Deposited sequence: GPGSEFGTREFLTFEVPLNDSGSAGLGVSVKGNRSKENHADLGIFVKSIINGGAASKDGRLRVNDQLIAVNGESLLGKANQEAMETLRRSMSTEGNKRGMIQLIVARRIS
């Protein structure tokens, strides 16, 4: 249910992004599919900026890639990369 996705990038000015994310997994194929935007908190930084979209797959944060990582490791990478962040988050996403 991933489709054919294009890679997009944008800069999000800045608590936090105000974004909830979740790992997706196919149980029939026993495969992690990546980290996806589940909700954008109304009135948070990503909401005010408008360029992030629900169901986007998160690919990179400030150049730190989430690819080649199981969902647990990618989530940890996300948290670690956001822990050091007025500011600017450069996101790479994959969008259907």
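Asks: So which bits of the deposited sequence did not make it into the model?
Replies: Going by the record, the segments left unmodelled (no C-alpha atoms) fall at 1-4, 19-23, 95-97, 109-110.
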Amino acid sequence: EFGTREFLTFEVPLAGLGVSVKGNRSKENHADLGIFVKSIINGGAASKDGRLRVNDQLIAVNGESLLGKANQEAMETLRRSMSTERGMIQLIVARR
From here on, numbers count along this sequence of modelled residues.
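Asks: Which has higher Cα B-factors on average according to the PDB entry: 56-64 or 42-50?
Replies: Of 56-64 and 42-50, the stretch with the higher C-alpha B-factor average is 42-50.
Asks: Name the third of the chain's ranked CA B-factors that contains residue 22, choosing lowest, middle or highest.
Replies: CA B-factor rank for residue 22: lowest third.
Asks: Residue 82's Cα B-factor: lowest, middle or highest third of the chain?
Replies: Middle third by C-alpha B-factor.
Asks: Using the B-factor values recorded in the entry, state whether the Cα atom of residue 75 falls in the lowest, middle or highest third among the modelled residues of its chain.
Replies: For residue 75, the deposited C-alpha B-factor lands in the middle third.
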